[PDB]
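Chains as they are written, first to last, in the entry's author numbering: chain A, 697 to 796; chain B, 6 to 235; chain C, 6 to 232; chain D, 1194 to 1243; chain E, 896 to 945; chain F, 490 to 538.
Note that beta-carbon positions come from the ideal geometry of N, C-alpha and C, so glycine has one too.
Written below as structure tokens is the structure these notes are about.
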């Protein structure tokens, strides 16, 4: 993380589409280095669903400038997650903060 | 006007790592010459032990992932570089790690022999998340001096090592940082004598009574080429 | 614990008072350690003898200009400081000068004790203009260590001096300017090693290579209770 | 505010400290500015230019 | 050339119509092969690795 | 070491070396031991070191 930022590090990491953000809120059920399984909260469910969202992170791939792209998870096993949080920091992100 | 010679007078342990050693007495000039010729050697070359090769089964290279662990295997290699061991009898050992079950994999879970002793058992290596998932690795520890990168070791070998034996960069030196202070010594008649308080900070794989003896053995060996041979 | 040791000495000797030594190869970072542990000992820990207190009859201060002499009373002390003196057995020798007539006073014109030697006797001290304008001075030689100026002596010595005793700056250490460099030298496979070049100029009383041994044995004897 | 924050963690108000030298062991005459700057790397590496 | 024709009659070396034009790593590059993909045309028998 | 445009030198020293030469040749007032007399330049490095 940068020690002296401008508070705009939070908006650029989320909106760039390089992190994995939660659509619905709930409790994290299982964390791997590749996938993240999240159990949806009760009121944020739809009446014909099973209520599990599965995020599949993308491991070591190739960018256009021949650099790395790698998404590591940042949550732990069994902790609550609200809507719009950051579940997986990408290449230059750090707890949802841009960090070059 | 003949001289006065110092002596290793006091050693105290602030913590398991932090130490503070004093030398007394010194003359005027030598209090600031030995205090700088003992920092420039204790930071550069001191023999310690470090992790060199890690071999986790089922995994080919260091740029993949294993099931049921939180980190990538490259993060496990970055965690295994900061491991403070102490090998006494031999000069190279192989340690085994076995773990199965939900929870972290601390450094205390390594089935050690009688000679090696992991001095910081609260270290964190991995994180297991599934019940069926497990991990198993063999870890080679050598003895060295200075900093030896991975490209030098892969360039200076010729036998074919099998696919899977990952290489870790090795930082061998135990001393992290070191400062020294020179205060007025407490001598009753020779008033202007000095004392030298070397303030050492390391990890738990060195002894401050031994580090100054090594760092002065080296200095009395390098000056042996100046005292007789011209 | 292998610790590569140098065997290439190659003493280029420019003059009989000015040598140039080289050492190669050393470990990466062992150049400045030995090159500074020897500089801080030779400059301010080498023992030796020098003129420290002089007394002339006719003057009593640092500015009362004597008469019949060519130079003033301040330029005599700079000539007296650069006096290459060694002793044999004693510690405090009083020396007395006598020269009359018209002519330059040269440092060989002094009655010597049996144990006191003067290295460069062609040294000029003064210059006399008039005929029958003589000179006489009481020169005190002491034995000390390093460099002490005239400020720290008269600042702390509250005791009153015998009036007429001029304080001369002392140079006890028998080495003049020492400087050193560190250049990069190589072995057949390693390349980050380094050589060390020790340049030394000095006055007499000491072979310019022997001062390096005399400082190295002082530093090596200091580490006896650690090995 | 920077001086009101530096006095919280027992640091000099001027921001400059008295650094010692590494090689010779002497200390410099003036105080020297020491702190933290966010340094980046850049894509113009030297392995792709030689 | 005739002297090479003499050399290949002194010894029995007769290199065939085969000729090496393989793929090599460009110089000054270390690394680790982490992925290999093989595409093949229709109607062509695949290898063992493919 | 001379420019062909004009007779001025072209190996004129740049910023860091000229700052060192400017700092080396200055004078304070008290300055820790002024007013003393010296023999040569070789006993002025021994005093500074």
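Less than 9 Å between the C-beta atoms of residue 217 of chain B and residue 231 of chain C, yes or no? yes
Would you decide whether residue 167 of chain C is buried or exposed? Buried here means 16 or more other CB atoms lie within 10 Å of its CB. exposed
Which residues in the same chain as residue 4 of chain B place their Cβ atom closer than 6 Å to its Cβ, once the five residues preceding and following it in sequence are excluded? An answer regarding residue 4 of chain B cannot be provided, because it is not within the stretch 6 to 235 covered by chain B.
Is the CB-CB distance between residue 534 of chain F and residue 184 of chain C below 9 Å? yes
Check the Cβ-Cβ distances between residue 737 of chain A and every residue of chain B, and say whether any is below 9 Å. no
Out of curiosity, what's the CA-to-CA distance linking residue 96 of chain B and residue 727 of chain A? 40 Å
9 Å Cβ cutoff met for residue 720 of chain A and residue 732 of chain A: no
Status (buried if at least 16 other CB within 10 Å, exposed otherwise) for residue 41 of chain B: buried
Taking the CB atoms as reference points, tell me whether residue 110 of chain C and residue 102 of chain C lie closer together than 9 Å. Their beta carbons are under 9 Å apart, which means residue 110 of chain C touches residue 102 of chain C by this criterion.
Close-in-space but distant-in-sequence residues of the same chain around residue 787 of chain A (CB under 6 Å, 5 per side omitted): 765
Take the Cβ of residue 157 of chain C as the centre, count every other Cβ of all protein chains shown within 10 Å, and call the residue buried at 16 or more, exposed below. exposed
Can you tell which of C:201, C:207, C:155 and C:228 has the C-alpha that lies nearest to the C-alpha of residue 31 of chain C? Comparing Cα positions, the closest option is C:201.
Could you check where the alpha helix (DSSP H) with residue 513 of chain F kicks off and where it finishes? For residue 513 of chain F, the enclosing alpha helix (DSSP H) starts and ends at 504-513.
What residues of chain A sit near residue 1233 of chain D, judged by a beta carbon separation below 8 Å? 796
Considering only residues of the same chain and omitting the five flanking positions on each side of residue 208 of chain B, which have a CB-CB separation below 8 Å? Cβ neighbours of residue 208 of chain B beyond the five flanking positions: 22, 89, 124, 125, 179 and 181.
Out of C:163, C:61 and C:68, which one is the CA nearest neighbour of residue 104 of chain C? C:61
Does any residue of chain A have a CB that is nearer than 9 Å to the CB of residue 1229 of chain D? Taking Cβ atoms only, chain A reaches closer than 9 Å to residue 1229 of chain D, which makes this a yes.
Kindly indicate which three-state DSSP category residue 74 of chain C falls into: helix, strand or coil? Residue 74 of chain C sits in a strand when the DSSP states are folded into three classes.
Quick one: Cα of residue 904 of chain E to Cα of residue 192 of chain C, how far? 48 Å
Which of the residues in the stretch 18-51 of chain C, read from start to end, lie with their CB under 8 Å from any CB of chain D? Flagged, chain order: 37 and 41.
Residue of C:211, C:154, C:189 and C:122 minimising C-alpha distance to residue 29 of chain C: Selected option, being the one with the closest Cα: C:189.
Own chain, CB closer than 7 Å to residue 771 of chain A, minus 5 neighbours either side, in chain order: 724, 727, 777 and 783
If we require 3 or more residues per run, which beta strand (DSSP E) segments fall completely within the stretch 38-75 of chain C? Within the stretch 38-75 of chain C, the complete beta strand (DSSP E) segments at least 3 residues long are 52-61, listed from N- to C-terminus.
Count the other C-beta atoms from every protein chain shown that fall within 10 angstroms of the C-beta of residue 517 of chain F, then say buried if there are 16 or more, exposed otherwise. exposed
Residues from the stretch 1196-1228 of chain D in contact with chain B, defined by Cβ distance under 7 Å: 1218
Exposed or buried, what is residue 530 of chain F when buried is set at 16 or more other beta-carbons lying within 10 Å of its beta-carbon? exposed
Looking at the secondary structure, which residues open and close the beta strand (DSSP E) in which residue 726 of chain A lies? 722-727
Element boundaries [alpha helix (DSSP H), containing residue 23 of chain C]: Premise fails: residue 23 of chain C lies in the beta strand (DSSP E), 23-31, not in any alpha helix (DSSP H).
Going by the DSSP bridge assignment, what does residue 145 of chain C pair with across the sheet? C:58 and C:99
Taking 9 Å as the cut-off, decide whether the C-beta atoms of residue 171 of chain B and residue 46 of chain B are in contact. no
Let me know the secondary structure DSSP gives residue 132 of chain B once reduced to three states. strand
Here's a check: name, in chain order, each residue in its chain whose Cβ is nearer than 6 Å to the Cβ of residue 120 of chain B, leaving out the five neighbours to either side. So the qualifying residues of the chain are 93 and 94.
Using the three-state DSSP reduction, which class does residue 201 of chain C fall into: helix, strand or coil? strand
Taking only beta-carbon atoms, is residue 698 of chain A less than 9 Å away from chain D? yes
Using a C-beta cutoff of 9 Å, does residue 69 of chain B count as contacting chain E? yes
Residue 9 of chain B and residue 203 of chain B closer than 9 Å at C-beta: no
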